[PDB]
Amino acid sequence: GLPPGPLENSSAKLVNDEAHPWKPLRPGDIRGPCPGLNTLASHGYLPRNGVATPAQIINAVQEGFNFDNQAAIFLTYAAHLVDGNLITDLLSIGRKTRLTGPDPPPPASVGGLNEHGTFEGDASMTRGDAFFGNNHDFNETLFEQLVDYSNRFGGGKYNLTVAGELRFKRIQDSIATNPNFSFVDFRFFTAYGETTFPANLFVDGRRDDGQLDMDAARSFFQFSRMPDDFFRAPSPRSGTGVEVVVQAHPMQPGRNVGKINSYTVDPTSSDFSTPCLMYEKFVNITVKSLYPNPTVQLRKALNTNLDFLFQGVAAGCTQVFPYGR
């Protein structure tokens, strides 16, 4: 389907409404590492079983949270290219499932958003690193660390100052304990953006003060549930304030080299000084390695979704064409 456009009416409004009640999971319902998508599925902005089309995801993040269009397009098509089924146009927001349809040939995995190292990655705030056995479920110990950092740096609330401190701690925790810790290219960028999302989109839009209370935080992160009478943000936004998080503790992209406490900077990795390189490497290396020699129908689907991905890329970058034009 074509990427949806921006909201016609982007005002704050009740999104926990009669048409979108929270419901508990049924057997087979899929939830994954993203509390935003999880909450939209659990309120029926997305299909409640957690399998959706890219267009459904873009409409849901806009309607439910006032996520901005360009950010919605970039993240959705990036996720779908590496984790979704390009022939059926379906993506799981969590585990791999037969519900995304017949699989493409190896080495493509169509693993859902749970797939480690495609979109999902290390030093998540409330989810453990994949090396420790579970990269998708809410983790109470990690959430209690978020509450502690909110008490120490946010007066009890999560805000961008807390984000800056927590983001760093999680990186340092992974360096100290995960011998396979990877923090380069796509993950490097998205990890920082994700820490702003609670302060920008989980805060009731009638306040929009960037101060997230811990009751609301737990509701979204653990139960995929909007607070009672939750109003969405009063304007489209995504990662505004990521500059504050980075400035708190500037880091170079890099990885542990098979041992703990061996963080080695990767000079081939993109960083905030090279955002177009991040896009080019995602397409020429990540997507191309999953689909090195696609058949006619897969090539067409890839090129279509790569065009859609480029719509979400900030002005100034050149489109790359791994399968030609």
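The first residue of the shown sequence is 1; numbering continues from there.
Comparing 275 to 283 with 47 to 55, where is the mean C-alpha B-factor higher? Comparing 275 to 283 with 47 to 55, the higher mean C-alpha B-factor belongs to 275 to 283.
Which is higher in the entry, the mean Cα B factor of 94 to 102 or that of 196 to 204? If you average the C-alpha B-factors of 196 to 204 and of 94 to 102, the larger mean comes out for 94 to 102.
Based on the PDB record, which member of 222, 88, 150, 211 exhibits the highest Cα temperature factor? Each of 222, 88, 150, 211 was compared by C-alpha B-factor; the highest is 88.
Comparing against every modelled residue in the chain, figure out the third that the C-alpha B-factor of residue 184 lands in (lowest, middle or highest). Tercile = middle for this residue's CA B-factor.
Residue 161, C-alpha B-factor rank within chain (lowest, middle or highest third): Lowest third, going by the recorded CA B-factors of the chain.
Could you look up the Cα B-factor of residue 120 in the entry and say which third of the chain it sits in: lowest, middle or highest? CA B-factor rank for residue 120: lowest third.
Sorting the chain's CA B-factors, does residue 71 end up in the lowest, middle or highest third? Its C-alpha B-factor belongs to the middle third of this chain's values.
Where does the C-alpha B-factor of residue 240 rank in its chain, lowest, middle or highest third? Tercile = highest for this residue's CA B-factor.
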